[PDB]
Number of protein chains: 6
Amino acid sequence: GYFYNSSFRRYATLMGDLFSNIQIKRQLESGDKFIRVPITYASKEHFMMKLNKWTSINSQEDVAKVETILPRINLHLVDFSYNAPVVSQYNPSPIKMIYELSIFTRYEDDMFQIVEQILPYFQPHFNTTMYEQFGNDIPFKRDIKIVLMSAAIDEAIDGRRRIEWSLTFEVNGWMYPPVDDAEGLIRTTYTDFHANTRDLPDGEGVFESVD
Amino acid sequence: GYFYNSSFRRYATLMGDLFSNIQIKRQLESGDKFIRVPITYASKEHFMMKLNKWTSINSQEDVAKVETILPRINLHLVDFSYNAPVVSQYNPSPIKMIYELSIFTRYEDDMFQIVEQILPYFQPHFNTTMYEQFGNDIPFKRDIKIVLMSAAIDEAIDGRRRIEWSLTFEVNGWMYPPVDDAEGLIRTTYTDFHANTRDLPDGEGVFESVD
Amino acid sequence: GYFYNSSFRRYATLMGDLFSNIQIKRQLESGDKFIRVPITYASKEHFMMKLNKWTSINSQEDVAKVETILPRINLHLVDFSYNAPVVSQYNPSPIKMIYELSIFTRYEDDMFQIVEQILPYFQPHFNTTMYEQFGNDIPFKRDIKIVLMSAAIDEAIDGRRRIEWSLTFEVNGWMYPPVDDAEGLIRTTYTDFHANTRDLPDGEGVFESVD
Amino acid sequence: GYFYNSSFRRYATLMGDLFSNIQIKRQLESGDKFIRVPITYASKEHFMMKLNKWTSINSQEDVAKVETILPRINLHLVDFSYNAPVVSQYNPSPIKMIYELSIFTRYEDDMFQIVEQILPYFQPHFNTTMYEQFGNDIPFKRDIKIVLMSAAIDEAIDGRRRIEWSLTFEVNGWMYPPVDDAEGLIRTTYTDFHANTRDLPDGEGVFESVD
Amino acid sequence: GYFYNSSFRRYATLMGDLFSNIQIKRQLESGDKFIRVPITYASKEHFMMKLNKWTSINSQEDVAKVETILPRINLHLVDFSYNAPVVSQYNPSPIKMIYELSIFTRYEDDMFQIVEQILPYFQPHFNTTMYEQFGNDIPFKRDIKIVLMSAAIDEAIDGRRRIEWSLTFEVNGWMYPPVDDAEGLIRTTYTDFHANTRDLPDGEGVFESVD
Amino acid sequence: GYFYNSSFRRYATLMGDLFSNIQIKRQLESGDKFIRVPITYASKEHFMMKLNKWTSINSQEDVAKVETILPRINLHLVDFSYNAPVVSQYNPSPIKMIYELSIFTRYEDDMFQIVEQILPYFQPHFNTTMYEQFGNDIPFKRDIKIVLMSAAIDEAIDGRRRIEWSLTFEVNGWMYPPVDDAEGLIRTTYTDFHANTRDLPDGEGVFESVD
């Protein structure tokens, strides 16, 4: 029920999965608890609407169930353009994609931990080699440059309430016409922030559903 | 009831027809269904008005027939200017025309499919050779450069509701004074995204009528 | 009841008259009908007010009489400045005058026809030699460059309603102090869009009255 | 009841007087009537307030007296700055003064007449030699350059009503500390638009009082 | 009740005092009256509040008293920044300070007089040598350049009412850490608009109190 | 209950502590009283809301306790970016951090005292060498350049009421991935405005709690 080999989907999942494995330390009496930051893919307005819905105190079980919601990260595509350096598709087209990575947090410390886990890997760019194999052929080698373009710090108060920092990223990637899922599912690998060759998980696995 | 040989009409139809034959795959229980994206030519404000009129659930048969409406594409001319590099018409005038191609979709996946079918052919430009023959004379050969200028991503929510992406295109074309339909209808051919020589269909054939 | 030899008047009429003789083809049951596009000289705000007064369906004999109103063209001066390349007047002062030519239309087709009759003659400029003779002396030869600067496309809806495209033109002309109508009326000729030497008609002849 | 030798006052009057002597022809049956355009010096907002006060139909004795009010010209200073090319005053300081000259008119024809009498003398500048004599000493020779910087066209409707064109002028003049009226009144002459050496009239003669 | 040796205070007082001694001539029947223009140091908003408070007619004794309030001058610091050309304080730090000098007046004539007394001494700059002596040591010589940056003309009406012209000045001065008033009071002299060496009056002497 | 070795935290504390020790002189009859200006770390809006909560005169016990609140300083991070001049962390990444230092005060004199204690040490930059030791290893030497970028002056009145000046600072520092507190606590020293090597106090000591 979705175009699996979509190039946009692959870039969405790649970006999401780079930021999928981020935890914050939270000290308890019995001991330190490390919690994973759940990440979604959605238009920002959408996400924020639904976030205002979850954070709403309707009953007594909600009062507690409120601090499990934050911290979280929302991801979205916001712009793209041709990337000015016989047919077209591997050899493919140099495209350039703009992503907003929106971190939301109830505690400045939460934010500090998270961003400290992101920010140092972009100087200002972070390279990743991606391998996309078609059926059983030799995989393709796509050089992917991800550039940290800018950051944006903001709040939204009520008495605490909610800290929001947004990073903007430029992916220098590759576009080509759709290759039907029926012609075979694309196998994809990439190098993470430590040059560790992870293989790209299916979409359904990286993003929690806002729905 | 229209000036058939209109230069503007030909550019509207040319653009519309390049993007006329775009389908999205939609996986069903019985098997995959492929649906064509219907295309219109209209002022954007107009299109959106009539679209809000259609999207309104008036009766029970409308509730279903709503997701037959989307996806669609609306096309319009939004600007033109002289294209700065004895009488006038073949030799004609280098003109430059600005088109807004507006894709509306209920599902991110629909969008991904469509745009993946448009975007790779503009690097940033796409050439097409056009042949316009007058009655039975030797056809004229007009070199047409179409350049992808920018993209713009947006929403418009209600609880799903509607994704809207707009591509802006610069057509580098040719203008000349009207040649009366009474002097004979122009025969028009062109090269598609695959250098395949289709001949330009009548207006009534490419655009579904917003009316 | 007006300064006949007014320099501004002469430019208003020249511009008005270049665009005075434009017809659109309108296919009927009995056969093709050609209708002339009527031109007025007025502040834009004004013109649109009176146009909203005329187009308002107050009654039934109006219901029909509404589609005789459109299409039309309103012309106006909007800016002027010294034209940086013993006393003053022939030898006169190089002035530069800015005109807004506003085309209004109920049908996209009407617009296409009209503008296709304007646009090809400005690449980006259109020359005209003007001859202004004083009484019976040797006429003066003023070289007039008219440059197409920009175009602007708009609507204004109600259920159709009205298409509005405005061209902006830079006339590079000549200014001098007023020469009394009592010293004799100035004779003026010019070369039209086909270099055919028409002579400049009186104001009352070119523009229908907005009043 | 005012500092007669005021430098600001002198420039205000020079400007007003260059534009003091302007008439429009107004054709009647009995014969042509020439009317002088009255000029005032006032903040623009002020002038317009009082002008809305005069033009209001309070009675029938007012109804006639309305078309004697327009046309008029309001003049005002709107900016000044040092003019970047032992003590201070002749030798004096190069200053630069900015004037808004505002023409108001009930008929486009009136405007054409007036502005046609102003505009050709500024190409883009108009020089005037000014002679300022102290008591009986040798007059000082101040070269004054007046530059037409821009023009601005506007209306203000009610059913006719009122045309407003504003010229902006850069006077390149001279400033020095105040020379008391008790030390003797300054004698001032200048060259008009025709190099005719008029001598600068007292303020009260050039400007009608808005008060 | 204040840090007497404050560097900011010294610059505020220096500026205030250059403009402390400005009079306007006011011709009366009995004879000419010269009135000194009172100067305050305050935030512009503040000053205007209190000015509206003073100018308000609450009783009958106010009616007369009210027309003595204008003219006046309000002064304030509005910006400062480092002034780009072993420890720090004489040798001290080149700072640059921005002052708004705001002249308010009921009569154009009053304004003309005042400004004619300010404006000619800035071409565009006015130099002044300042001497700050510590206890009994050799005085320090600080070169102070004051530059006239821009001017701004405005009104505020009611039936007269009030003219407001503002000069903006860049003082190129010197900052250093605070030298306690207990370590001895700094003695300060400077050169006025005529290179005449006045010594800096205490704050309380230059500015009338807005409080 | 916070990531002690957080880099953002260290820079917040470094900045806060350079400005931790600022006093103003306040003359009493019994003798001069020196009061330390308290510093907080908070988003500006937050600080201002809570400041409006403290400044509200609710009772008589409140009326006195009003002038103990001011003066104060609020500090916050507002922007950051890569600082464009085998793995990453000491060797670490050149980052650039933007801080808004907001000084609030009831008296101009208070402001003058404070800012005079800040401003002279930034010409436009101030260097500090920081030593960060991990457990017991050899310290790291991070060169920290703090640049004064701009200042901004404002009020907020009610009859006095409150002066607000804001300095903006560019810290040219260093980022690296989080080093767990469990791996040992970081020891930090730095050179203050006088090259005095103080050691960085814990967060809890520098900032008063806004909560």
# chains A, B, ... in the order shown; residues from 1 in each chain; ligands from 1
$ residues_around --residues "region 150-166 of chain E" --least-positions-apart "2" --cutoff "9 Å" --atoms "only C-alpha atoms" --output "JSON, numbers by chain"
{"D": [43, 45, 46, 49, 77, 78, 79, 80, 81, 82], "E": [70, 100, 101, 102, 103, 104, 105, 106, 107, 108, 111, 115, 148, 168, 169]}
$ residues_around --residues "region 132-138 of chain C" --least-positions-apart "6" --cutoff "7 Å" --atoms "only C-alpha atoms" --output "list in words"
residues 184, 185, 186, 187, 188 and 189 of chain C
$ residues_around --residues "residue 74 (chain E)" --least-positions-apart "3" --cutoff "6 Å" --atoms "only C-alpha atoms" --output "ChimeraX atom specification"
/E:39-41,102
$ write_last_selection --atoms "C-alpha atoms" --output "tab-separated table (two decimals), in the first residue's frame"
chain	number	residue	atom	x	y	z
E	39	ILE	CA	17.13	70.17	27.36
E	40	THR	CA	16.31	66.78	28.92
E	41	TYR	CA	17.91	63.34	28.91
E	102	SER	CA	14.99	65.52	19.38
$ interface_residues --of "chain A" --to "chain B" --cutoff "6 Å" --atoms "only C-alpha atoms" --output "ChimeraX atom specification"
/A:1-2,82,175-177
$ atom_distance --atom1 "CA of residue 126 (chain A)" --atom2 "CA of residue 73 (chain A)"
19.7 Å
$ select_by_dssp --residues "region 5-183 of chain E" --states "helix (DSSP H, G or I)" --output "PyMOL selection string"
chain E and resi 7-18+44-54+60-68+108-121+181-183
$ write_last_selection --atoms "N, CA and C atoms" --output "short mmCIF file (atom, residue, chain, number, x, y, z; two decimals), in the first residue's frame"
data_model
loop_
_atom_site.label_atom_id
_atom_site.label_comp_id
_atom_site.auth_asym_id
_atom_site.auth_seq_id
_atom_site.Cartn_x
_atom_site.Cartn_y
_atom_site.Cartn_z
N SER E 7 31.45 56.74 32.47
CA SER E 7 31.81 57.15 31.11
C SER E 7 30.57 57.50 30.30
N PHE E 8 29.52 56.71 30.48
CA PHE E 8 28.27 56.99 29.80
C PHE E 8 27.74 58.34 30.24
N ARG E 9 27.73 58.60 31.55
CA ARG E 9 27.31 59.90 32.06
C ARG E 9 28.09 61.06 31.44
N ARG E 10 29.41 60.90 31.31
CA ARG E 10 30.24 61.96 30.73
C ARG E 10 29.86 62.21 29.28
N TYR E 11 29.65 61.15 28.51
CA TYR E 11 29.25 61.41 27.15
C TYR E 11 27.84 62.05 27.03
N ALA E 12 26.88 61.59 27.83
CA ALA E 12 25.56 62.21 27.91
C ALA E 12 25.61 63.69 28.27
N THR E 13 26.50 64.06 29.19
CA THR E 13 26.57 65.42 29.66
C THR E 13 27.31 66.29 28.66
N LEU E 14 28.37 65.74 28.08
CA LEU E 14 29.11 66.44 27.03
C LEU E 14 28.15 66.83 25.90
N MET E 15 27.45 65.82 25.37
CA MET E 15 26.45 66.05 24.34
C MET E 15 25.38 67.04 24.80
N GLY E 16 24.84 66.82 26.00
CA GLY E 16 23.78 67.69 26.47
C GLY E 16 24.24 69.14 26.52
N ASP E 17 25.52 69.32 26.80
CA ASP E 17 26.05 70.63 27.13
C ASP E 17 26.47 71.39 25.88
N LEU E 18 26.86 70.68 24.83
CA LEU E 18 27.09 71.34 23.56
C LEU E 18 25.80 72.03 23.09
N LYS E 44 12.89 58.30 24.57
CA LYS E 44 12.01 59.14 23.76
C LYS E 44 10.56 58.92 24.16
N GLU E 45 10.18 57.67 24.33
CA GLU E 45 8.83 57.34 24.74
C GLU E 45 8.46 58.04 26.04
N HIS E 46 9.35 57.90 27.01
CA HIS E 46 9.20 58.54 28.30
C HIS E 46 8.96 60.03 28.14
N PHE E 47 9.91 60.68 27.47
CA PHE E 47 9.85 62.12 27.26
C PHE E 47 8.53 62.56 26.64
N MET E 48 8.06 61.80 25.65
CA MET E 48 6.83 62.16 24.97
C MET E 48 5.61 61.97 25.88
N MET E 49 5.64 60.94 26.72
CA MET E 49 4.59 60.76 27.72
C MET E 49 4.47 61.99 28.62
N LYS E 50 5.58 62.32 29.27
CA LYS E 50 5.60 63.44 30.19
C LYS E 50 5.28 64.77 29.47
N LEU E 51 5.65 64.86 28.19
CA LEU E 51 5.37 66.04 27.39
C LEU E 51 3.89 66.18 27.11
N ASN E 52 3.22 65.05 26.92
CA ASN E 52 1.77 65.08 26.75
C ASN E 52 1.10 65.43 28.08
N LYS E 53 1.76 65.05 29.18
CA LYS E 53 1.25 65.34 30.51
C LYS E 53 1.35 66.82 30.88
N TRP E 54 2.46 67.45 30.50
CA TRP E 54 2.68 68.86 30.80
C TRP E 54 1.76 69.74 29.97
N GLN E 60 -7.55 76.34 34.57
CA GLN E 60 -7.47 77.59 33.83
C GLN E 60 -6.06 78.17 33.86
N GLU E 61 -5.35 77.94 34.96
CA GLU E 61 -3.98 78.40 35.12
C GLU E 61 -3.04 77.67 34.16
N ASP E 62 -3.52 76.55 33.63
CA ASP E 62 -2.77 75.78 32.67
C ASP E 62 -2.78 76.45 31.30
N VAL E 63 -3.92 77.01 30.92
CA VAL E 63 -4.05 77.64 29.61
C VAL E 63 -2.86 78.52 29.20
N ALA E 64 -2.43 79.43 30.07
CA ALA E 64 -1.25 80.24 29.78
C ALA E 64 0.04 79.43 29.88
N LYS E 65 0.29 78.89 31.08
CA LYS E 65 1.44 78.03 31.39
C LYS E 65 1.85 77.01 30.31
N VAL E 66 0.88 76.60 29.51
CA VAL E 66 1.08 75.55 28.53
C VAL E 66 1.96 75.95 27.34
N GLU E 67 1.91 77.21 26.91
CA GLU E 67 2.67 77.64 25.74
C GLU E 67 4.09 78.07 26.09
N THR E 68 4.54 77.74 27.29
CA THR E 68 5.92 77.99 27.67
C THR E 68 6.72 76.71 27.61
N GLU E 108 7.26 76.55 13.13
CA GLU E 108 8.30 76.36 12.12
C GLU E 108 9.50 77.30 12.31
N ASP E 109 9.22 78.55 12.69
CA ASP E 109 10.24 79.58 12.91
C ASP E 109 11.18 79.23 14.05
N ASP E 110 10.60 78.87 15.19
CA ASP E 110 11.39 78.33 16.30
C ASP E 110 12.36 77.22 15.84
N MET E 111 11.83 76.24 15.09
CA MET E 111 12.64 75.14 14.59
C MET E 111 13.78 75.64 13.72
N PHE E 112 13.46 76.51 12.77
CA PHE E 112 14.45 77.04 11.84
C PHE E 112 15.61 77.69 12.58
N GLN E 113 15.27 78.48 13.61
CA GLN E 113 16.28 79.13 14.41
C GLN E 113 17.21 78.14 15.08
N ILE E 114 16.61 77.24 15.86
CA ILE E 114 17.37 76.23 16.59
C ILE E 114 18.31 75.45 15.66
N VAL E 115 17.73 74.83 14.64
CA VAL E 115 18.48 73.94 13.76
C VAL E 115 19.55 74.70 13.02
N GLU E 116 19.27 75.96 12.68
CA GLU E 116 20.30 76.78 12.07
C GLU E 116 21.47 76.98 13.04
N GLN E 117 21.20 76.90 14.34
CA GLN E 117 22.29 76.96 15.34
C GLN E 117 23.00 75.64 15.58
N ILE E 118 22.38 74.52 15.20
CA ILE E 118 23.06 73.22 15.32
C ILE E 118 23.80 72.82 14.03
N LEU E 119 23.02 72.64 12.97
CA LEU E 119 23.46 72.12 11.68
C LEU E 119 24.81 72.56 11.03
N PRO E 120 25.17 73.86 11.10
CA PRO E 120 26.36 74.23 10.33
C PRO E 120 27.67 73.74 10.93
N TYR E 121 27.67 73.35 12.20
CA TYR E 121 28.91 72.93 12.85
C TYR E 121 29.26 71.43 12.62
N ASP E 181 34.05 56.63 42.50
CA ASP E 181 33.94 58.03 42.86
C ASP E 181 34.75 58.28 44.14
N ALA E 182 34.95 57.22 44.93
CA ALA E 182 35.72 57.30 46.18
C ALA E 182 37.22 57.46 45.94
N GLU E 183 37.67 57.09 44.75
CA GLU E 183 39.06 57.22 44.33
C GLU E 183 39.33 58.64 43.82
#
$ residues_around --residues "residue 172 (chain A)" --least-positions-apart "5" --cutoff "7 Å" --atoms "only C-alpha atoms" --output "mmCIF file with N, CA and C atoms, in the first residue's frame"
data_model
loop_
_atom_site.group_PDB
_atom_site.id
_atom_site.type_symbol
_atom_site.label_atom_id
_atom_site.label_comp_id
_atom_site.auth_asym_id
_atom_site.auth_seq_id
_atom_site.Cartn_x
_atom_site.Cartn_y
_atom_site.Cartn_z
ATOM 1 N N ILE A 95 20.066 15.428 -7.337
ATOM 2 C CA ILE A 95 18.989 16.220 -6.761
ATOM 3 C C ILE A 95 19.442 16.740 -5.396
ATOM 4 N N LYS A 96 18.708 17.695 -4.851
ATOM 5 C CA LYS A 96 19.066 18.250 -3.557
ATOM 6 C C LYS A 96 17.799 18.431 -2.736
ATOM 7 N N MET A 97 17.785 17.864 -1.537
ATOM 8 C CA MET A 97 16.565 17.756 -0.731
ATOM 9 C C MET A 97 16.701 18.430 0.642
ATOM 10 N N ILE A 144 26.325 10.292 -0.897
ATOM 11 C CA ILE A 144 25.313 11.149 -0.302
ATOM 12 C C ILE A 144 25.952 12.152 0.682
ATOM 13 N N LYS A 145 25.886 13.445 0.371
ATOM 14 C CA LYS A 145 26.405 14.463 1.284
ATOM 15 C C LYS A 145 25.274 15.156 2.008
ATOM 16 N N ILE A 146 25.283 15.078 3.332
ATOM 17 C CA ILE A 146 24.263 15.746 4.133
ATOM 18 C C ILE A 146 24.840 16.969 4.864
#
$ select_by_dssp --residues "region 16-210 of chain F" --states "strand (DSSP E or B)" --output "PyMOL selection string"
chain F and resi 23-27+32-36+39-41+72-82+93-105+125-134+140-154+163-175+186-191+197-199+207
